[PDB]
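Coming up is one lone chain in C-alpha cells, specifically the form deposited in one PDB entry.
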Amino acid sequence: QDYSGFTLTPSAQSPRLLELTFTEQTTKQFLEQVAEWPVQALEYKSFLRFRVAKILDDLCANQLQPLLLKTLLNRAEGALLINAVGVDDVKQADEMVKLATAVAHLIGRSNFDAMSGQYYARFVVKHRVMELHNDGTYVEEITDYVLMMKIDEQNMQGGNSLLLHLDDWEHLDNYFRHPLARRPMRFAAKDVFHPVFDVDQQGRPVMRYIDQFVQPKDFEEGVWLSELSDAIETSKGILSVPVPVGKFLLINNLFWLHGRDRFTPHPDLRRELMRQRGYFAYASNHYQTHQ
C-alpha cells in the first residue's frame, strides 16, 4: 500500500515480515532537518532521540508512528525490514544511525548498550551459524524489540539474518506443553530467574531463550534444553533474510527469535553492524486511577 512518505510491501520470505522504504524526498527532508544534531549529540542528550523521531513522523504526515506500532504489536506480523532510498553506503553511517534512532524512538526507547557505553553499538566483522535466540534474557526487564542494521558489507557470501516466528515453529506445542516450559531457570551474563516460555496477554506462547546464558541446574533441565535447542535450530519455519547495506530489521523480541547464517571466510571481508534494543512505549486508551 501507498502511505505518506513511505511505501510498505510484504517480504519475499514471509508475509509476516513487511518491508518499509522511505521515499527519496522524505529521506532528504529528514536528513536536512536533523543536520544540526550530530550522532554525538544524540548520544549525550537522550531527548534528541525523540526529537528526531517526531521530525521523521511529521514528514510522514503522522502516519509512520501508528503504522510501526500496529505492525510490531500484531501477533501475525511483528517484524519490519526498513530502509530509506539514497542511504546505502558505509560513507553514510551517521545518517543510518539517525534514521534507525528516529524509527525506534517512535515506538519506545533504546536501552544502554554495555559493549559501547551508548544507546547503540556498532561492530566490525573481519563464520558458523549464530543460533536463534531472544535478546535481554539475563536481566529482569523485558526487551520488547531488537534492531539490527547493516552498515557495511564487503566481499560477504552468506551471513543472512535468520528469523523464527513462534507460530511458524512446528515444534512449539510439544515444548510449550512440557512442564519444564514453566520452570524458572537461572540466566547469567546478578543472575535472574525466569522460565524459557511465557504467555502474552491472550495466553499465546512467547519465549525468552538463549543457549549461551541459560544455566540448567541439573541433568533434567540440561537434557531438555539440549533437545529444545535442536528442535529450534532444525525448524522448517526459519527465514533466511538478506539485509543489504542501509537496511535494518526491527522485530518483536517476544515471539520472534533471530540469529545469523554461516558465511564464507575471505581475506578482504568486512561487515559492519549496528544494534539497538529497547522496550515499547506508546499511548493507548486504557484505564487508570485517581486524577
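Numbers follow the displayed sequence, beginning with 1.
The discussion below concerns the form deposited with a small molecule bound, not included here.
**Message:** Between 138, 169, 119, 176, only one gets a heavy atom within 4.5 angstroms of the small molecule in the bound PDB entry; which residue is that?
**Reply:** When the small molecule is considered in the bound PDB entry, the option within 4.5 Å is 138.
**Message:** Give me the residue from 147, 185, 210, 151 that has a heavy atom within 4.5 Å of the small molecule in the bound PDB entry.
**Reply:** Contact with the small molecule in the bound PDB entry is made by 210 alone.
**Prompt:** Using a 4.5 Å heavy atom cut-off, which stretch among 128-136, 103-111, 70-78, 217-225 contacts the small molecule in the bound PDB entry?
**Reply:** So the stretch in question is 128-136.
**Message:** Within 4.5 Å, heavy atoms only: does residue 277 come near the small molecule in the bound PDB entry?
**Reply:** Because a heavy atom of residue 277 falls inside 4.5 Å of the small molecule in the bound PDB entry, the answer is yes.
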